[PDB]
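Accompanying notes for the structure given below.
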Amino acid sequence: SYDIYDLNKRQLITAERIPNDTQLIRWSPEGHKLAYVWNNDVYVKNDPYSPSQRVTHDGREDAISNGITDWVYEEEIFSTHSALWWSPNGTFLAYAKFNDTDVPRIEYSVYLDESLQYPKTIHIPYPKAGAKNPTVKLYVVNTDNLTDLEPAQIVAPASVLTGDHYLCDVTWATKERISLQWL
Amino acid sequence: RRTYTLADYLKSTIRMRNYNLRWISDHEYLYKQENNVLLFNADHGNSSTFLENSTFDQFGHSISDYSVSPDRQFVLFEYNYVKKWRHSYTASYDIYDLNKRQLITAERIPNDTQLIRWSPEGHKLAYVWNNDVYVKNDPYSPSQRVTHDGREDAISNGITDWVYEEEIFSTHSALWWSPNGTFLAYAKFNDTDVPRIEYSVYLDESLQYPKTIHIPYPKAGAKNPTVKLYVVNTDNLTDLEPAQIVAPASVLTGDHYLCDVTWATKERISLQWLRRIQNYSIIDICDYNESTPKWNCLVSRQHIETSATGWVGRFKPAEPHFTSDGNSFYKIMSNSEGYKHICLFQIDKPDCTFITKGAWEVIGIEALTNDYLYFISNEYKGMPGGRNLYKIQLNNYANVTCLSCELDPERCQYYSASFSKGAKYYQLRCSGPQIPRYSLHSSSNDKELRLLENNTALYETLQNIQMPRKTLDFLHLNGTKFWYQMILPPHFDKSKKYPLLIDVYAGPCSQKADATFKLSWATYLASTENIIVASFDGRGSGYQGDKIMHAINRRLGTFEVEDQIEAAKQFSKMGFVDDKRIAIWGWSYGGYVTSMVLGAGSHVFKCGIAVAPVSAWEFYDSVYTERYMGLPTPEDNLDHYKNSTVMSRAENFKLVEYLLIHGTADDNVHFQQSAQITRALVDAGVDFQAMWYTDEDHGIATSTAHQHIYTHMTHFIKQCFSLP
Amino acid sequence: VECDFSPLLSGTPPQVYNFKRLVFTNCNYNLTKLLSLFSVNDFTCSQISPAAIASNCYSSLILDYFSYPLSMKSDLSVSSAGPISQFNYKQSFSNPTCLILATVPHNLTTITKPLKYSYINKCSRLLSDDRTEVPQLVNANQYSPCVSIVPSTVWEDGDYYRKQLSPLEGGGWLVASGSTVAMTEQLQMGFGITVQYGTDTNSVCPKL
Ligand SMILES: *[C@@H]1O[C@H](CO)[C@@H](O[C@@H]2O[C@H](CO)[C@@H](O[C@@H]3O[C@H](CO)[C@@H](O)[C@H](O)[C@@H]3O)[C@H](O)[C@H]2NC(C)=O)[C@H](O)[C@H]1NC(C)=O
Ligand SMILES: *[C@@H]1O[C@H](CO)[C@@H](O[C@@H]2O[C@H](CO)[C@@H](O[C@@H]3O[C@H](CO)[C@@H](O)[C@H](O)[C@@H]3O)[C@H](O)[C@H]2NC(C)=O)[C@H](O)[C@H]1NC(C)=O
Ligand SMILES: *[C@@H]1O[C@H](CO)[C@@H](O[C@@H]2O[C@H](CO)[C@@H](O)[C@H](O)[C@H]2NC(C)=O)[C@H](O)[C@H]1NC(C)=O
Ligand SMILES: *[C@@H]1O[C@H](CO)[C@@H](O[C@@H]2O[C@H](CO)[C@@H](O)[C@H](O)[C@H]2NC(C)=O)[C@H](O)[C@H]1NC(C)=O
Ligand SMILES: *[C@@H]1O[C@H](CO)[C@@H](O[C@@H]2O[C@H](CO)[C@@H](O)[C@H](O)[C@H]2NC(C)=O)[C@H](O)[C@H]1NC(C)=O
Ligand SMILES: *[C@@H]1O[C@H](CO)[C@@H](O[C@@H]2O[C@H](CO)[C@@H](O)[C@H](O)[C@H]2NC(C)=O)[C@H](O)[C@H]1NC(C)=O
Ligand SMILES: *[C@@H]1O[C@H](CO)[C@@H](O)[C@H](O)[C@H]1NC(C)=O
Ligand SMILES: *[C@@H]1O[C@H](CO)[C@@H](O)[C@H](O)[C@H]1NC(C)=O
Ligand SMILES: *[C@@H]1O[C@H](CO)[C@@H](O)[C@H](O)[C@H]1NC(C)=O
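If you're matching them up, the sequences are chains X, E and P in order.
The first sequence maps to residues 116 to 298 in the UniProt record's numbering.
The second sequence maps to residues 25 to 748 in the UniProt record's numbering.
The third sequence maps to residues 381 to 588 in the UniProt record's numbering.
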C-alpha cells in the first residue's frame, strides 16, 4: 500500500487515494503523473488529487496481467516486475499484456506457522522446457487524451511472428519514437 | 355559426402550433418532428434525421429532454424528471455516444442530479449534485469534485436558491462556462440564516400524516442570502483552489446581489453586481493574470448605473452584450428623457454613447456582429404594445432598418427573433394580433428563406367560429396618453350596452394591453357570454418611459389602483358599457389590485375575483418588494408598507361581491397572504366567497385544477352579471 | 426485371476483409427503398452525388457489403493509410464510388450479429532471407492475401497467424495480425457502391 505526501502543503493526501494491494507504481519521467497496477489492470492518475483512469479491464490472476511481468519474464528476462514504460514527456504510456491462460502451473505446498492446520497449495504459471509459453503484446496509450482512441497495439515485426516469441526491451528514443526488442 | 365555448378553452380543442428550434451552428438548427429530431441546414435547405425517435424509447424508459454536445459527439438524455419549483428540478441523465452510436455505461451521471450544462465547445460536462459542482472532461472520464460544502437549505454551489431563481436569474443555473471551456464560473449561495416558510402538503389519500415543506424565503427586510463568485480552471483543476472574484467595493457597503455573469473573451469575465437598495448597479471587468495567477479586476473598467427616480433597469439591470473582441459592449440604459435605449460602452472609458433615441424604448438586444446590431423596439407606429425587429449600422447610427414592419402589417405587429451564431440567419416569430406565424430569414439580405409554420389549420377552424375582436386604442388621464385593449364580442353593436370585465396585472413594468393573439378565458366570455374584457396599462406600466414606470416607486398600491378605477370610469362614459355590470379580476398582482380596487369605495365595480393575491408587502419576498418599496423600517418606508394593505380596506368590501381563490402549495405568494385578508373580512362583518385549491402551486395549472377554477369563475361572473 | 438485394438482408454479414459483393446488371433498382430498411448514418460519394447514385443509369453496378463499426468511420476513406484501406478494403478511383454506413434497426431481424467486429491490422510477407519484410497492401476490388490465414472472425485482439510458403509460392512466410472492436447493440454495417459505364449495356436503371 502506498501513501502520497504533498510537499507543497507538507501534508498527507487523503482523497482519491491509491488502493491497498497495489502491485506496481511508477511516476512519470517529468511532472507528477502516476501509473499503478491493481488487480492486474493499469490505472493512470494525471495528478495525486485526481481520480484514477482505468486503462485495461481484463486483468485476471494467473491468466492476464497488464503492466506487470509474469514469473519467467520477471526472473529470466526483465529482472524487474515492471512492464510500464513512460514516454519522456509523460504523454504516452507503453504497457505489456501477458497471457498465461494455457501455461501449465507448478504446485507446491506451504507449511506455515503451527497454527495452520491444513497446508496451503500455491499455484504458479511456470513453463518448463517445451511447455506453452506466455504471450506478450505491447500497447501504447496517450495519457493526455486517454478518453478517446482505445489503446493502440504495436504489433511485433513479421520476422518474429513465425511462431512463439519474447519481448526483451522497450526503450524510448524521442518523445514520439519508441523502440521494441523482440526475440 | 359556432362560438368559442368554455370547453374549447379548457380542453385545448383548438390547438395553436409553434416552431421551436435550437441553433447548433451559424447555419444549422435542430427541430423535433414526429418525435424525431431533424437537423436542418439553412445554407442548403437539406435536412437529415439526426436522432430517430426509435432511439428515444429504446433505453428503458421515457426521456423528458435532450441536449446535444456542441461537437455533436454525445447526447444527454434526461429521465426521471421530478419537479422542484418554477425552473428547478432533479432528474437522472444518460449519455449517448454518437461516434459509436452506443449508450455509455461507465462513469455515469448520478441519480438525483440537479443541474447539468455542456461546455460551449467540445464535450466537457459540469453538473451539480447534492449542492456541489462536479466536472467531467469527457463522458468516458471520471468526475472531479470541485466543491464539498453542499448543504441542503444552507449552501448551494452552481444552483440558485429560491429568490435568485424566481426574481433574478429566471433560471436554476449558476454555472457559466468560458467560451473555450477552460474556465468555469460558479456561484455559492448561503441561506443559513435566511428564515424559512413552512406549509403543509396534503398528498395522496394514502398519506396519513401531512408533510411540512421548508423553504428559505427572505420576506421584506429579512436576512438575505449571500453570493460569492468563484472561477475554476478545468484544464489544471488539481493545481489551485477555486479562485474567488471579490465583488467591487462600491457594492460591499452592505447586502448586495449578483445579477449577471457574461464572458467577454476566453480570458475576460464580466460580473454585474447590485446593491440591496436597488438603485446602484456596477459592472466589473476581470482579466486572467496568468502570473500569480489571479483574476485582475481593474478599477478603471468599473461601470456604474444608477437611478434617481427609483430602481435600475426594468426588473433588473440590463445585461451587457460584448463585442467580438470584448473591448466594448452595448447595453440598454435610460437616457435623459427616461427611455430605455442602447448605449455604447468602451471597457476602459467612463462614459457611454447612446446610439438610439426617441419617445420609445428598446425591448432587448437580440444579436450582435461587427457591422450590424439587431434588436427589438416598440417604435413602429408609435405603439408601445408592439414589437418589431430592427438593425443598426455601426458606422452610421442614423441608418436604422426595420426588418419586420412591412411584412404583414395588418396581421403581424408583435415580433420576436431567435438568431444563429454570428447572426447569419434568424427565425422570425410573429405573435399577433392575428394568427401567429414562424419564418426563417437570412441576415445577408433579410429575405424569407422558407415559411416554417403558418397555423393554416388554426385559420380555417376559426372561420367556422364567431371569434371576438381585439382593439388597440388609448385614452388620456391628466393629459398623459394611456393605452388599453378591448376584446369585443362578435357582431358588436355600439348601440347596445354590454357588461364589462377588467383584466388586471398593474404590476411594475407590466403591459397587459398589447398586439398579441391569445386563446384565453376572455376569448370565451366575449365570443359566448358577450362580455367586454378590457385591460388598461396605467401608471407603473412599462415600455413607455421611466416617467410612467417609476411613478409607482415607493407608493405601490396608490396610482396603479386609482388609474384602473379612473379608466373604468372612462369606459362607463362610453355608450356601450353597462354602468351596473362592471367587474374586475387579477392574478398575483391583479389579485392585489382587484382586492385593493374593491376596497377603494369607488362604487364602480359590482364584483371581483382575486386569485393568489398579495395582501401586504410585508409578506412578499425582499428582491421584488424592496426594489419598488424599500425597507419596512420606520426610517425608510414603513409608512406605506402599512398604508397599502388590503386588510385596511375591509369595511368597503360590504359594497361588492368578493371571490377569493388561493392554492395551498403556493411557494411564491404564500397562503398566509389570503388568510390575512379573510381575517380582516371576517372581523369586519363582511361576507364574501372563498375557494382553496389543495396542493396547487401559484400558477394553478394541473389539468383538473385549471378546468375547475375557471369553471368556478364562470359561474361567479354569470351570477354577478345576471347571465344565463 | 428487378435488382435482387436479398443476399444483403439474409444471414450473418461478413467482416470487412472478407467482404461480400453483389454485382448488378440488366435490372431495375430502387436505392431509397433499400436504404429505407436501414438507419443510414453516413452517405459519402466520390465523383458522383448521393442524389445521383439513386437516380442514374449505369452499365454495371457493384455493391460490396460487410460488417463495420461506425466508430472507425474515419478509416474507410480511400485516402487514409490505416489498417483498413491498407490490408482490408479499398475502393477504386477510376470509377464513381459511394460509401454507406448503416445501422440494422430492431425490426430487421433477418440480419444476425457476430461476436464482434474484426479487422486485419497487419498483413506482410517474410521472404526466404528470413530478414526482409514486405507488407501486402491490398489493391482495389480485390481480397487481401492474408484471408487464407485470418479466420472469418478474429478470436482476440492481437492474435497473430502464420503460414509457410512453398518454394513455388515464393518461399518464406505469410504473416498477419488481427484486431477486434466490441459489438454494438445494433449491428452497424458498411456498404460500398461502384458503378461502371460500358458501350451498349446501360442496363441498370432506376425503376418507375
Ligand atoms: C489467452 O490465451 C488463451 C489460450 O492461448 C486464448 O484462448 C484460446 O484462444 C484460442 C484461439 O486463439 C481458442 O482455440 C480455438 O479457436 C478455434 C477458432 O477456430 C475454435 O474453433 C475452437 O473451438 C477453440 O476455441 C481457445 O478456445 C481459447 N481458450 C480459452 C478462451 O480458454 C485467449 O484468447 C488469450 N487471451 C488473450 C487476451 O490473449
Ligand atoms: C453562511 O452564513 C452563516 C451565517 O450567515 C455563516 O456562519 C456565521 O458566521 C458568523 C461570522 O461570519 C458567526 O457570527 C459570530 O462570529 C463572531 C466573530 O467574532 C463570533 O465571536 C461569534 O461567536 C459568532 O460566531 C456565526 O456564528 C456563524 N453562524 C453559524 C456558523 O451558524 C457561515 O460562515 C456562512 N458560510 C458560508 C460558506 O458562506
Ligand atoms: C510532450 O511531447 C508531446 C509529443 O512530442 C507533445 O504533444 C504534441 O505537442 C505538439 C507541440 O509541441 C502539438 O503540436 C501536438 O499536437 C501534440 N501531440 C500530441 C499527440 O500530444 C506534448 O504537448 C508535450 N507536452 C509537454 C508538457 O512537454
Ligand atoms: C482556450 O483558451 C485558453 C485561454 O485563451 C487557452 O489557455 C492558454 O492557451 C495559450 C495558447 O492558446 C497558452 O499559451 C497558455 O499557456 C494557456 N493558458 C492557460 C491558463 O490555459 C487554452 O489553451 C485554450 N484551449 C483550447 C482547447 O482552445
Ligand atoms: C438610492 O436610494 C436611497 C434610498 O432610497 C438613497 O439614499 C439617500 O441617501 C442620501 C445621502 O446622499 C440621504 O440623505 C437620504 O436620506 C437617503 N434616502 C433614504 C430614503 O434613506 C440613495 O441616495 C439613492 N442613490 C442614488 C444614487 O440616487
Ligand atoms: C397563411 O395563413 C394566412 C391566414 O392567416 C393566409 O392568409 C389568408 O389567405 C386567404 C386566402 O383564402 C385570404 O382571403 C385572407 O385575406 C388571408 N389572410 C391574411 C390575414 O393574410 C395565407 O394564405 C396562408 N399562407 C399559406 C402559404 O398557406
Ligand atoms: C417516429 O418517426 C417516424 C418517422 O416518420 C413516424 O412515422 C412515427 O410515427 C414516429 N413515431 C412516434 C411514436 O412518434
Ligand atoms: C447538405 O449538403 C452538404 C453538401 O452536399 C453536406 O455536406 C451536408 O452534410 C448536407 N446536410 C446534412 C444534414 O447532411
Ligand atoms: C422507390 O422507393 C421509394 C421509397 O418509399 C418510393 O417512394 C418510390 O415510389 C419508389 N419508386 C418506385 C419506382 O417504385
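For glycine and all other residues, C-beta sits at the position ideal for the given N, C-alpha and C.
>> Restricting to Cα atoms, I'd like to know which of E/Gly-446, E/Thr-738, E/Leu-580 and E/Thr-735 is closest to E/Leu-662.
In response: The residue with the shortest Cα to Cα distance from E/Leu-662 is E/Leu-580.
>> So if I measure from each beta-carbon to every heavy atom of ligand 5 and keep distances below 6 Å, which residues remain?
In response: Result: E/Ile-301, E/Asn-303, E/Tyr-304, E/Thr-330, E/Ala-332, E/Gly-654 and E/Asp-660.
>> Is P/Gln-395 close to chain E? Criterion is C-beta to C-beta, closer than 8 Å.
In response: Under the 8 Å criterion on CB atoms, P/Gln-395 is classed as non-interfacial with respect to chain E.
>> Going residue by residue through the stretch 184-225 of chain E, where are the continuous beta strand (DSSP E) segments of at least 3 residues, counting only ones entirely within it?
In response: 199-201, 207-214 and 220-225, all fully within the stretch 184-225 of chain E.
>> Please tell me whether P/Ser-416 has its Cβ less than 8 Å away from any Cβ of chain E.
In response: Not closer than 8 Å to any Cβ of chain E, the Cβ of P/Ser-416 fails to qualify, so no.
>> For E/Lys-364, count the other beta carbons within 10 Å of its own beta carbon; 16 or more makes it buried, fewer makes it exposed. Which is it?
In response: Counting other Cβ atoms within 10 Å of its Cβ, E/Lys-364 reaches 16 or more and is therefore classed as buried.
> Looking at the C-beta of X/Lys-290, does it have a partner C-beta in chain P at a distance below 8 Å?
Replying inline: Residue-level contact check: X/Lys-290 does not touch chain P, since none of the beta carbons of chain P fall below 8 Å from its beta carbon.
> Buried or exposed: which applies to E/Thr-738, given that a residue is buried once 16 or more other Cβ atoms fall within 10 Å of its Cβ?
Replying inline: Only buried fits E/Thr-738, as 16 or more other CB atoms lie within 10 angstroms of its CB.
> Under the criterion of a Cβ to heavy atom distance below 7 Å, does E/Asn-204 qualify as lining ligand 4?
Replying inline: Yes, ligand 4 has a heavy atom inside 7 Å of this Cβ.
> Any chance the CB of E/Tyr-508 is under 7 Å from a heavy atom of ligand 6?
Replying inline: Checking the Cβ of E/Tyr-508 against ligand 6 gives no.
>> With three or more C-beta pairs closer than 8 Å as the rule, is the stretch 616-632 of chain E touching the stretch 262-282 of chain E?
In response: Verdict: no, contact absent.
> Straight-line CA distance for P/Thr-512 to X/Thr-277?
Replying inline: Distance between the alpha carbons of P/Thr-512 and X/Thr-277 is about 13 Å.
>> By the three-class DSSP mapping on this structure, what secondary structure does E/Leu-231 have?
In response: Three-state result, E/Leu-231: coil.
> Do three or more CB pairs link the stretch 97-106 of chain E to the stretch 708-720 of chain E at distances below 8 Å?
Replying inline: Pairwise C-beta distances place the stretch 97-106 of chain E out of contact with the stretch 708-720 of chain E, as fewer than three of them are shorter than 8 Å.
>> Shorter than 7 Å, the distance from the beta carbon of X/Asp-263 to the closest heavy atom of ligand 3, or not?
In response: Because no heavy atom of ligand 3 lies under 7 Å away, the Cβ of X/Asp-263 does not count as near it: no.
>> If the criterion is Cβ atoms closer than 8 Å, does the pair E/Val-251 and E/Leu-282 meet it?
In response: The Cβ atoms of E/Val-251 and E/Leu-282 sit closer than 8 Å to each other.
> Of the choices E/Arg-325, E/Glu-430 and E/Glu-642, whose alpha-carbon is the least far from that of E/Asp-375?
Replying inline: Checking every option, the nearest Cα to that of E/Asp-375 belongs to E/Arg-325.
>> Helix, strand or coil for E/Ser-746? Go by DSSP, reduced to three states.
In response: When DSSP states are grouped into helix, strand and coil, E/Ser-746 belongs to the coil group.
> Under 8 Å, do P/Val-396 and P/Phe-473 count as touching if we go by C-beta distance?
Replying inline: No, Cβ-Cβ distance for P/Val-396 and P/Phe-473 is not below 8 Å.
> So which of E/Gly-446, E/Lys-445, E/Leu-473 and E/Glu-681 has the shortest CA-CA distance to E/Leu-452?
Replying inline: Here the closest residue by C-alpha is E/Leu-473.
> With a CB to CB cut of under 8 Å and the five nearest residues on each side skipped, what residues in its chain are close to E/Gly-569?
Replying inline: Excluding sequence neighbours, E/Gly-569 sits near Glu-361, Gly-362, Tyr-363, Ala-383 and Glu-385.
> What residue from P/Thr-574, P/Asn-519, P/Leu-402 and P/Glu-382 has the CA that sits closest to P/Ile-464's CA?
Replying inline: Selected option, being the one with the closest Cα: P/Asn-519.
>> Is the beta carbon of P/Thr-574 closer than 8 Å to that of P/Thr-477?
In response: Going by C-beta atoms, P/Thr-477 is nearer than 8 Å to P/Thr-574.
> Buried or exposed: which applies to P/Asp-444, given that a residue is buried once 16 or more other Cβ atoms fall within 10 Å of its Cβ?
Replying inline: So P/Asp-444 ends up on the buried side.
> Which residues in the same chain have their Cβ closer than 7 Å to the Cβ of E/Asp-372, if we skip the five residues on either side of it in sequence?
Replying inline: The residues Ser-324 and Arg-325, in chain order, have a CB closer than 7 Å to that of E/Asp-372 in the same chain once the five nearest residues on each side in sequence are set aside.
> Relative to the alpha-carbon of E/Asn-412, which residue among E/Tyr-396, E/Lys-56, E/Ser-348 and E/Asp-432 has its alpha-carbon at the smallest distance?
Replying inline: The candidate whose alpha carbon is nearest that of E/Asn-412 is E/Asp-432.
> Does DSSP put E/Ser-352 in a helix, in a strand, or in coil?
Replying inline: Judged by DSSP in its simplified three-state form, E/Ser-352 adopts strand.
>> Helix, strand or coil for E/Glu-720? Go by DSSP, reduced to three states.
In response: If DSSP states are grouped into helix, strand and coil, E/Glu-720 belongs with coil.
> Is E/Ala-624 near E/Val-585, with beta carbons less than 8 Å apart?
Replying inline: The beta carbons of E/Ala-624 and E/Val-585 sit closer together than 8 Å.
> At a CB-CB cut-off below 7 Å, which residues of chain E make contact with X/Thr-206?
Replying inline: Residues of chain E whose Cβ lies closer than 7 Å to the Cβ of X/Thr-206 do not exist; the shortest such Cβ separation is about 15 Å.
> With burial defined as no fewer than 16 other Cβ atoms inside 10 Å of the residue's Cβ, what is the status of E/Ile-183: buried or exposed?
Replying inline: Around the beta-carbon of E/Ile-183, 16 or more other beta-carbon atoms lie within 10 Å, marking it buried.
> Under 8 Å, do E/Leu-295 and E/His-345 count as touching if we go by C-beta distance?
Replying inline: In this structure, E/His-345 does not lie closer than 8 Å to E/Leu-295 by Cβ.
>> If distances are taken between C-alpha atoms only, which option among P/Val-484, P/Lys-543 and P/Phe-385 comes closest to P/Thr-492?
In response: Among P/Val-484, P/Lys-543 and P/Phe-385, the Cα nearest to that of P/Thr-492 belongs to P/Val-484.
>> Looking at chain E, is there any beta carbon in it that lies within less than 8 Å of the beta carbon of residue 109 of chain X?
In response: Lying before the first or after the last residue shown, residue 109 of chain X is absent from chain X, which here runs from 116 to 298.
> Just reading off the beta strand (DSSP E) that P/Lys-496 is part of, what are its end residues?
Replying inline: For P/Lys-496, the enclosing beta strand (DSSP E) covers residues 496-506.
> Which of the three DSSP states, helix, strand or coil, is assigned to E/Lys-678?
Replying inline: In this structure, DSSP gives E/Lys-678 a helical state, which the three-state scheme calls helix.
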